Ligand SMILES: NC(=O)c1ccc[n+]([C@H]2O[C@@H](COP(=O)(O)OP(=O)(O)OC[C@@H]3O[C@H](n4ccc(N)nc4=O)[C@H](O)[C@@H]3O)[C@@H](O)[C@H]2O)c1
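Below sits a lone chain in structure tokens, taken as the form solved without this ligand.
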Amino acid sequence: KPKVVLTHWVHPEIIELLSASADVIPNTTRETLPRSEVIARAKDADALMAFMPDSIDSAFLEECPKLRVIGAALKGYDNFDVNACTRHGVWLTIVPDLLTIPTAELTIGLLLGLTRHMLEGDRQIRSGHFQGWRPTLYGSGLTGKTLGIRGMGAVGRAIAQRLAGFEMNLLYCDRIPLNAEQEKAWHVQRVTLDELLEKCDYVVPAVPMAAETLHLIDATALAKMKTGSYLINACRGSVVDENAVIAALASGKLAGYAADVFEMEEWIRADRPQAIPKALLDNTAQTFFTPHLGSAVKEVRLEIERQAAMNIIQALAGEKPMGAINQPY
């Protein structure tokens, strides 16, 4: 039987699925293995399941001569050298985008937890000193307030559909507008980009449709935003200039920052940080952070794992795998 190496943990039913057609070498832990250990395992593997920490270059492939398929549990392939895979006769497969709904829900979670001081709230409970209602930790509510969705991609749409029932004033900007029937059913209003920053108490960058530049929220964008506004970034680490966010928090321009993603995650930028700035880390009163939990919901992780496993099983059986993005031989 062929051997398949899984660089990260998967659900036991994925292992059983793969076990019928292959000998499985799992990662039994929740940790990322060092590259040398992944290679030591994959050196005589016929198949690999790759995750976000994996970096597949030709040096990797030269040390893994039996490899026939890399099934990535990922919707894109930034850290894969796809043509190297093709030249080495290695199928490279991805999965469809299943991150949209759990990312929209978590974004609403970061918004609520940050505006309502829920983390400082929890810390006060755990202190043992709670003695009843007090006039403290007064936050900012949603109803009557104006929230701006920068970009109406699939995530932006999923947020608008969910915030429609909260009796807010919902604005969005995008090069391409929503249909008329969706703007009415979500009570969301199309405006320009400078107007959205200007009127919004809450600014929520999603990925726009179409294209466009890097650091969508820089010092210039922050200066146009309303004083005492909140910025919630569950989109991409490149979207927000964290150091400008530090200065906007210090001067009172920003009331708070919530993020699920960080500039240190962008392995495409050379001008790249190696940690989350400690000024953000220290500011527990005004920040709410999560470690890229956007799609950390069991049912979605399972489905991403199953599609990657199905691609591997297909390729080992001799077929074109459903998620192939190349054609090797």
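Whichever C-alpha set is largest while still superposing within 1.5 Å between the two forms counts as the rigid core. Don't overthink the numbering: it's just position in the shown sequence, from 1.
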Inset, instruction - Can you let me know which of the two, 271-279 or 28-36, has the higher average C-alpha B-factor in the entry? - result: 271-279
Legend entry - Between the two ranges 37-45 and 260-268, the one averaging a larger CA B factor in the entry: 260-268
Inset, instruction - Choose from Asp97, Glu195, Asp122, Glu105 the residue with the greatest Cα B-factor as stated in the PDB record. - result: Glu195
Inset, instruction - Just grab whichever of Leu142, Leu92, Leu110, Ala219 has the top CA B-factor as deposited. - result: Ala219
Legend entry - Chain third (lowest, middle, highest) by recorded CA B-factor, residue given as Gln131: highest
Inset, instruction - Would you mind checking where the Cα B-factor of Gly323 ranks among the modelled residues of its chain, as the lowest, middle or highest third? - result: lowest
Inset, instruction - Taking the chain's C-alpha temperature factors as the reference, tell me which third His117 falls into: lowest, middle or highest. - result: lowest
Legend entry - Position of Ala250 among the chain's modelled residues by C-alpha B-factor, lowest, middle or highest third: highest
Legend entry - CA B-factor ranking of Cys85, expressed as a third of its chain: middle
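Same protein, other form: the form deposited with this ligand bound, not shown, and the subject of what follows.
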Inset, instruction - Take this ligand as it is posed in the deposited bound form, superpose the C-alphas around its site onto the chain shown here, and state whether the site is open or blocked, counting it as blocked when 3 or more ligand atoms lie within 2.4 Å of a backbone or C-beta atom. - result: blocked
Inset, instruction - Using a 4.5 Å heavy atom cut-off, state whether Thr103 contacts this ligand in the deposited bound form. - result: yes
Legend entry - Partner proximity in the deposited bound form: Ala258 to this ligand, non-hydrogen atom cutoff 4.5 Å: no
Inset, instruction - Answer for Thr213 alone: is it within 4.5 Å of this ligand in the deposited bound form, judged on heavy atom distances? - result: yes
Legend entry - 4.5 angstroms heavy atom contact with this ligand in the deposited bound form for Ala250: no
Inset, instruction - Pick the stretch from 266-274, 61-69, 289-297, 36-44 whose residues have a heavy atom within 4.5 Å of this ligand in the deposited bound form. - result: 289-297
Legend entry - Proximity to this ligand in the deposited bound form, single hit among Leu231, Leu92, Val188, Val155 (heavy atom within 4.5 Å): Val155
Inset, instruction - Using heavy atoms only and a 4.5 Å cut-off, determine which of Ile108, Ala221, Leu99, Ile246 is in contact with this ligand in the deposited bound form. - result: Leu99
Legend entry - Rigid-core fit between this form and the one not shown, the member of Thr227, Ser127, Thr213, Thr136 whose C-alpha shifts 2 angstroms or more: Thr213
Inset, instruction - Using a superposition on the rigid core, decide whether the Cα position of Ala185 changes by 2 angstroms or more between this form and the one not shown. - result: yes
Inset, instruction - Using a rigid core alignment, state whether the CA of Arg175 is displaced by 2 Å or more between this form and the one not shown. - result: yes
Legend entry - Pair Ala211/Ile159, Cα separation in the deposited bound form versus the displayed form, closer or farther by 3 angstroms or more: farther
Inset, instruction - Just say closer or farther for the C-alpha distance from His292 to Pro208 in the deposited bound form, relative to the shown form; it changes by 3 Å or more. - result: closer
